[PDB]
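Subsequent text provides structure tokens for two forms of one protein chain, presented individually as structure 1 and structure 2.
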Structure 1
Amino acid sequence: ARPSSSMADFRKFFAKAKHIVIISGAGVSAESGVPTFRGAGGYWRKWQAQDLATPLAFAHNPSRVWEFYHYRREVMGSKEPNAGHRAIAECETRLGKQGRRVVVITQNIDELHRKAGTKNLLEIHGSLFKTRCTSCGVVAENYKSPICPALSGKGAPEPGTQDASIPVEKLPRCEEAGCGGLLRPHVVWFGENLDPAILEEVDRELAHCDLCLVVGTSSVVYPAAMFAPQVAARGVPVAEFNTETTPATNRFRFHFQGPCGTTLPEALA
């Protein structure tokens, strides 16, 4: 039960596909210089990213979690879309002129698909550059560097860096009149459900698609890891683009090895 590595055969499906869903994970941004969760980039100070991206973490030490998110926002400041992001964006524009739909369902919070020009984007895990008020619930875009003055020069990643220990009053706060609630990043933490509206949107896309790509993702985090398998179970061809095999590889019709910045321009031409 094993995937094909034939691009020519994938291209035969691609030529006819009317409704393509492209699922991405951190590997799509690796060639932009954005750290992944797997490997060495997935550590900040002595923690793993899945240690800090939790409601318990935030409740216990919101300064520490904000220092972590600050660091990621600042990392992003210099980063640009790569050839894989661009191929995806250009594909959507080209096919759209022909009446054919391409939609990107990303786990990423890095906004690089946006910067590349993707329009049909579902950020299923939220965005590094939005806030949500824990008091009022308002969602706001926020690209400020630093997001608050007390985080200026904070966030360094090296193990043994002292906690900034910023009092909650000096962490990012809501600016709505009379609120002043503590902000959090408008991201999905481990242990938190996705937004129901997002689940519904995904469900509609997967049920309607006739071709699916699964790009740069380890296929370990749920529910997102369920998505491409479900499409394959329907009998729809799924093509995995990854520098390695994953637990999901053998569920799919195709496996294209190598950096997606190389393979996606070729696939989506």
Structure 2
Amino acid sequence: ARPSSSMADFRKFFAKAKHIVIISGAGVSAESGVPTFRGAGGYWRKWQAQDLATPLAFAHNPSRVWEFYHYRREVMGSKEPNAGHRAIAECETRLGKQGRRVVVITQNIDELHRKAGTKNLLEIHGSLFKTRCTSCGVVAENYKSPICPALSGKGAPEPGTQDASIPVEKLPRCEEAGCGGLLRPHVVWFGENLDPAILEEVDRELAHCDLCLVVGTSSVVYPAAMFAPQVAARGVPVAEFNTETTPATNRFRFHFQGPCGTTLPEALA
């Protein structure tokens, strides 16, 4: 069931849409130079993101998981939103002044949509720049470089790099009085439940959508991979913007190849 590659046709749908949902994934961050540690060429040491972003990995080797997230936090300091992020933010602003809604549902944890100025933003998997205490549950913003002294200079990505093996007491710890708990990234890991309040907001946006754009996602991680297919199955137009086809491509009305930073400025003008 081959989707259309006609931008002119897509633009006629775009012109009429009053409730656009944009779902974004790791490819949009990759176009800003962010290492995603997914796909055929994405590895930190000898692992991919889905090997380390798990409760079991964190239970068995919290130092290694923290090294991985520390590396990613520090690299992000030098990364900026790309033309795709900017086109999405500019579109939201322009349509909002016309009484038309754009909402971004991002799988990404990098805060690049936020940095680009997107306002209607659902970060469905949390953030690299938030911590949660495993003892008291408090969630906090954390941009500190480095997040703790023991991690300074650690997290190097080359294969064969030795574990830092930081004692748990010297990994990031809660600073609330009397707690002292071990912090973790406030990131939804593989095997964990997404936040119910966020899923309810997603459900409402999808149910009312009249055009859905699926941008830079491989459509292999659930639940997010089912969002756009659910809309399409009700007849709602979906346009996939991706450098490759995915398992979901043939469910959608349009497929546009190339970097999202090249195609979205045209599509959303």
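Here the rigid core means the biggest group of C-alpha atoms that line up within 1.5 Å when the two forms are laid on top of each other. Along the sequence of structure 1, residues get numbers from 1 upward.
With the two forms fitted on their core, the C-alpha shifts between structures 1 and 2 stay under 2 Å for all of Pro223, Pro55, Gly41, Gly33 except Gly41. Its Cα shifted by 1.0 Å, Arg234 is compared between structures 1 and 2 on a rigid core fit.
Once the two forms are overlaid on the core, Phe129 shows a Cα shift of 0.2 Å between structures 1 and 2.
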